[PDB]
Every structure is written in structure tokens, then in C-alpha cells.
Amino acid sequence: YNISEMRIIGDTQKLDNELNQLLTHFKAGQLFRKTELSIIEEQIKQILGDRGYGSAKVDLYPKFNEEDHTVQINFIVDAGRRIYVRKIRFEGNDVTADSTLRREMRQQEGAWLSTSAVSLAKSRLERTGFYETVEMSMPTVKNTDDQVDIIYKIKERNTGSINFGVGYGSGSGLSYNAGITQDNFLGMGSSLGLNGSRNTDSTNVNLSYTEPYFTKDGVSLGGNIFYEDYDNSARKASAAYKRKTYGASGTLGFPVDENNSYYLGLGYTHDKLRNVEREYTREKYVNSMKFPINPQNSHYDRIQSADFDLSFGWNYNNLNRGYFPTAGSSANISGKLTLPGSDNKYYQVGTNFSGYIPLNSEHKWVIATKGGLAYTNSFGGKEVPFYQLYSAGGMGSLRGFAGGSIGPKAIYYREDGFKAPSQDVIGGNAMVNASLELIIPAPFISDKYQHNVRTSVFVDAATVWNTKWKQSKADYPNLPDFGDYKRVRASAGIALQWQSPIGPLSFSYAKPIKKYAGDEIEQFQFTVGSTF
């Protein structure tokens, strides 16, 4: 029954200082257990470990009194010699690189052994994915004595992957993508990938190179070269056009706060447009760039450009979970700008926010909110390139409205012309959207699989306008004020989502609470996706 005191006995070398306090566990009745005496010993043999003494014998050998019924516990500490690390080396690394492994090393050479930063480095080596096997050695550098080399013996491993996805959704339709990837290319710890994918709207091929380092301090250098073939002809986010673009880009990533990060990028991009059936606001751009038109031609003599751009962003993530966060928030601040050598001459800036509030110790009843702000303008007597405009609608912006159904309408030519107001969304340079939802527990489902599904009731609301439409306002008194930010739409609905064993399904039934004439309403919306 119980214990008197604990004086921490043993040897040697001023260890009794940081050993004693305060892991001696002052007192509060001083209980004692059979299996709870194992780990306390380990706590001490680690304090020595970081200080140079790996080998350490901590012997719990308490002697009890059968009269006073008071166990006098005793720390019997054999602290061994102080182990000095000469140099660390690797073997089995046939393809890798002394570099690529000696980057995850924390322990320093010609320095006292710290068996933690050492033991934690073998853990850092694993979890990279580069090796199947990582194991360390302590051989003692004969003759010396008391010095050690610590070797890391790795088994290289297939760091090449191939991957496919297939998916279907209300807007987007049938989607698939494939990609091929070699990590640790080529023993340098970077990653090279080939990727391609298909929407109804585009096919996009993409070569990308990622250097996680570039600076010792973790700054990343991403390279990307890409081709996109966009074709918009099947929609309502008509004001259809065809765009073919190629480009290439380097972007610097900065890993600051685990919850925060920045990036800076430069990129060159070349866009080529065909079709483009010639409408009012677009013409303003076509002329802005002084390409020719010449009626009786409908459509434009094809349009081309590049486009050196600068890019900066900031990324905040709290979010207590990968998917279905239950608390925390997340946010982004991003900006694009075209540089002196570009055509086009414009800038973009954006901001999103998503946050989650639980009403519960439980976390089953959560209130979530989301808001986004997007704004483009141009300069140098140039208009914003019309294919760079915003629209809202659909999951992600305004449920119950079809994708890209919210924004300024096109006005095509009817010779005299530009008195053929259309339903087609041509898009705008200012977007705001926000959303508020109550996540409630999923009925019928549960209890073990109750995560994996998220039921909710929401209100979405969005608005897309053209800031410059004032210059064109009169001349079209019988069309709405396309420059009025107040022509906000909104909806309310139920929304189900679930992470099935085949991939993520998410559903939505939404009814509009505010629409405008000619708005395309798509109440039921859903996506379905799989990856292999």
C-alpha cells in the first residue's frame, strides 16, 4: 500500500539536476501500479539520451515494509559513457543521394549523440515514401574509444505511380483523368508528373516538376507546362467560345506556419480563340486590343496573345479534419497581374473563407459559413479579356442555379446589330458569394458510419456584375442594370454528402428564394467521383 518518498538515486555527472525535477512527481497520495512503472523509467533514460548517454540502465527495485506498509522506491541508474558521434553515413542508397537523405538528418556530426533527433530522423526517412526499409546502426569506430558512426541502411523502393479517376456531376458531366508520376526523380527527392484529364468543357494535359527543397529551409520550386483545349458550346454559360491555350510557369512556395503559406509565381501563357460569335461587351475587348472585325462577318478573325503574369497568394488552413471539418477555418488571398511584356494588361484578386462552428461538445451539430470575393480589372486602355470573366451558379457558388447561370447577359449582333439581348451568360468582373448552413446529424444512418455522411440545410447567395456597364447603361434602358451589384440571387436547400468506399458523392436539392427573369434553375445537383 502506497509510498513514502522518492530521492532519485544514481550516477553520474550532474545528471541529478534536470533528471530530478520535476518528473520525480512531487506527491498526491503517491499511487503505484504494476505496468505503470515501465514507462516512468523510459522518461529518465531519454533525458540522458539527448545529453550524450544513449546506453542507460534505469533499474526500478523498490523494497517494501510489511509493517509500515510503505514502499521505498529506488532509481538505480547506470548512465554509461557519453557517446560522441564522429560522422553519419548511408548505405544501400544506390539510386538516391547523400544529399536527399542528409537533409532529414537532425543530429550533427562531431557532436554529442542525441538519441531522439537521431531516432526521429529514421522516422523522417520513413514516411517520405522513398524507402521500404530504414534502419540505423551504432558501430563504435575502432579503436577510438567512445566515438560512434551512425549508419543508415535503406532499401530503395518503387516511387513511381500511375493513377486514374472517373467522375460524373450535374455541371461538368463525365470526367476522367490519368497521370503518371515518378517521385524521388532522380534520386534528388523531387517529383515529375504527367497528367491529363477531360471535362465536357476541356481536356488538359500537364507536365509538372516539383522541388520540395530549393532552399534548405523548405521553399519549394514548382514548374509546370500545360495545354488546355476549352470548348464551351454545350450550355447556358453559353456565350460559347473556343479557347486553346498553352503556357508554362514557375512558382515559389513558402511553408511558414503550418497553418499559413505563401507563394510567388511567374508564368508565360499563350491563348488562341476561335468561334467567338461576336457580342457587345466582347467587342469592346476585341477593339481594345485592336484586332480587326470587318462585318458582314459574324464572329471575329481569331484572337491570340501572351501574357507574362505575376502571381502571389496566401493560404490559411485550420480545419480540425481532412474531410468534414467540424471546427476551425480556412482562407485564401490571391492575386494575378500581367507584366510589361504582356498583351492584355489586367489584374485579378480573390478571397475565400470557410469556417466551422460546433454547437456541441459532441460536434454533430455544426454551423458552417463560406464567403468569396472575386474582382478583375484592366488598365492601359485595355479591357479585361472576356474569357477571363466570372459567373456564379451551381454547387460551390449557388445551389439551385445551373453552373455559370449567374452574371451579365450577352448581346449579339442582329444587323444593324447589338440589339439581340440573349439569355447566355457572358460573365462579369466582380463576383461575391456567401453561404450559411446547419449541419445536422444524418438520420437513419450511423452510428459507426455516421461520419462518412454529412447532412445539412443551407442558404446560398451570389451576385455577378460588370463594374463598367455604367458606360453602356443608357443605350440599353430595357435591359437590366448589369452593373448593379444588388441583383443578388439566393437559394435554400438540403444537401447530402458521403464518402462512399468508391469515392465521394454529394447531393443537393435547392429551391431559389430570389431569382431574376431568365435565370437558369437546376434544383437537383450532384457529383459522383472515383479514383484508382
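Don't overthink the numbering: it's just position in the shown sequence, from 1.
For the pair 281-289 and 388-396, the mean B factor over Cα atoms is greater in 281-289. Just going by the entry, 239-247 versus 107-115 on mean CA temperature factor gives the higher value to 107-115. When the C-alpha B-factors of 483, 493, 504, 52 are ranked from the entry, the top spot goes to 52. The entry assigns its greatest Cα B factor, within the set 448, 345, 370, 336, to 448. When all modelled residues of the chain are sorted by CA temperature factor, residue 464 is found within the lowest third. The entry lists a Cα temperature factor for residue 522 that places it in the lowest third of the chain's modelled residues.
In the PDB entry, residue 192 places in the lowest third of its chain by CA B-factor. In the deposited entry, the Cα temperature factor of residue 375 places it in the lowest third of its chain's modelled residues. Sorting the modelled residues of the chain by their CA temperature factor places residue 78 in the highest third.
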